[PDB]
Amino acid sequence: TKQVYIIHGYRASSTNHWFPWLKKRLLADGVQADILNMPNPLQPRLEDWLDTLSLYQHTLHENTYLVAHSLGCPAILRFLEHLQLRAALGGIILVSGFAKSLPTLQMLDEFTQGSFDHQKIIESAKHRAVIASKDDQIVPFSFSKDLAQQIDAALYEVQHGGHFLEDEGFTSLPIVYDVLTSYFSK
């Protein structure tokens, strides 16, 4: 049975941005999606985000898919590095993903300090994609393209996407639903 988990970033929760839209759009296809909240989204700590993800660890299988936004991206990358898996998850989609310090949000450096084991991430997710906005002023586009290269992920550029936030109009995001769905047909 397919399962999609949706993981938010800094200063967000399950009710923000495009997450409710994506959950409901998936439900229209009979696909179960759960938006996960992380602890202390205003002062996030990597170890606590990883401990929360670990609450779900026993449910992760070959038909599980993880969709993350912004800070949720390096969090799930760190999670997969330390996960013992019998087989790869179905896939990951990293919206505005990054794996190094964000100059305008250095308070979040602990989530990306240190190199990542790229091979383990590649082996942990059958299908991989990064969706990124060319005019993102929080996560520079180049950082998302860099990450896509490091983890051999398909990169989808949106020329004018801001940072895919509700205050920029992104209470929906069809590209994420369509990229995800293409994984299911494969």
Side-chain angles (χ1 to χ4, degrees), residues 5-13 16-19 22 36 38 40-50 52-53 65-83 89 91-170 172-180 182-183:
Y5 287 113
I6 300 159
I7 307 91
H8 67 71
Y10 173 56
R11 273 215 319 200
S13 74
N16 290 123
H17 313 322
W18 38 272
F19 321 129
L22 177 59
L36 297 187
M38 300 286 111
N40 285 325
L42 301 177
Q43 297 176 86
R45 299 311 304 288
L46 176 61
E47 295 305 316
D48 297 325
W49 281 37
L50 296 179
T52 300
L53 293 159
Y65 299 79
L66 314 175
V67 175
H69 184 228
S70 196
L71 193 66
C73 303
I76 61 164
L77 294 175
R78 291 290 181 204
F79 185 64
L80 297 173
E81 279 186 321
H82 285 157
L83 201 53
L89 302 193
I92 63 179
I93 298 176
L94 312 176
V95 191
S96 309
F98 60 100
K100 66 200 180 177
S101 173
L102 298 183
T104 65
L105 284 175
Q106 288 184 354
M107 51 167 296
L108 308 183
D109 280 353
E110 77 178 32
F111 277 75
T112 57
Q113 92 183 139
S115 302
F116 289 74
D117 180 350
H118 304 130
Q119 181 175 351
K120 175 65 165 71
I121 297 160
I122 291 166
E123 287 172 5
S124 291
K126 178 178 196 207
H127 298 285
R128 312 171 296 282
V130 176
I131 301 180
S133 164
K134 190 57 159 66
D135 68 358
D136 199 326
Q137 301 300 308
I138 297 169
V139 184
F141 181 76
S142 63
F143 288 33
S144 294
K145 182 163 207 167
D146 185 10
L147 170 58
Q149 297 164 346
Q150 289 175 317
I151 68 163
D152 187 34
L155 177 72
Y156 297 93
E157 175 178 343
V158 177
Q159 192 173 31
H160 297 299
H163 183 53
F164 305 108
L165 305 173
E166 66 196 25
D167 281 355
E168 296 156 343
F170 295 93
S172 70
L173 197 51
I175 186 158
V176 183
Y177 163 80
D178 287 327
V179 171
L180 188 58
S182 79
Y183 295 173

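The analysis underlying the following values was restricted to heavy atoms, covering all of them including side chains, and did not include hydrogens, waters or symmetry mates. Numbers for residues simply follow the sequence, beginning at 1.
Enclosure of atom NZ in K126 is not indicated, since only 12 or fewer non-hydrogen atoms of other residues, nucleotides or ligands lie within 6.0 angstrom. Counting non-hydrogen atoms of neighbouring residues, nucleotides and ligands closer than 6.0 angstrom, the CD atom of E81 exceeds 12 such neighbours.
With sequence neighbours excluded, the residues forming a side-chain hydrogen bond (donor to acceptor under 3.5 Å, both in side chains) with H163 are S70, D136, listed by chain and number. Evaluation of the side-chain hydrogen bond (donor to acceptor under 3.5 Å, both in side chains) rule for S13 yields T15 as partners, not counting sequence neighbours. Contacts of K100 classified as side-chain hydrogen bond (donor to acceptor under 3.5 Å, both in side chains), with partners at least two apart in sequence or in another chain: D146.
Relative ring orientation between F19 and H8 is described as tilted, the plane-to-plane angle lying within the 30° to 60° band.
For the pair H17/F170, no side-chain contact is recorded, criterion being any heavy-atom separation below 4.5 Å from C-beta on. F143 places a side-chain heavy atom less than 4.5 Å from the side chain of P103. A 4.5 Å side-chain heavy-atom check between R78 and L50 finds at least one atom pair inside the cut-off. Side-chain contact check for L46 versus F111: some heavy-atom pair is nearer than 4.5 Å. Using a 4.5 Å cut-off on side-chain heavy atoms (C-beta onward), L102 and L71 make no contact. Using a 4.5 Å heavy-atom threshold, the side chains of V67 and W18 count as touching. Between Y183 and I93 there is a side-chain heavy-atom pair separated by less than 4.5 Å. Contact annotation: the side chain of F164 never approaches that of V176 to less than 4.5 Å [non-hydrogen atoms, C-beta and beyond].
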Checklist entry - Between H127 and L180, does a side-chain contact (heavy atoms from CB on, under 4.5 Å) hold up when you go through it step by step? => result CA-CA 9 Å; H127 298 285; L180 188 58; over 6 Å; no
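Taken to the nearest 0.5 Å, the OG1 atom of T52 stands 11.5 Å off from the CD1 atom of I7. Distance CD1/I151 to CG/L94: 5.0 Å, rounded to 0.5 Å. The distance from the CD atom of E157 to the NZ atom of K134 is 6.5 Å, given to the nearest 0.5 Å. Between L108 atom CG and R45 atom CZ the span is 11.0 Å, to the nearest 0.5 Å. Remark: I122 CD1 to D152 CG distance equals 5.5 Å, nearest 0.5 Å.
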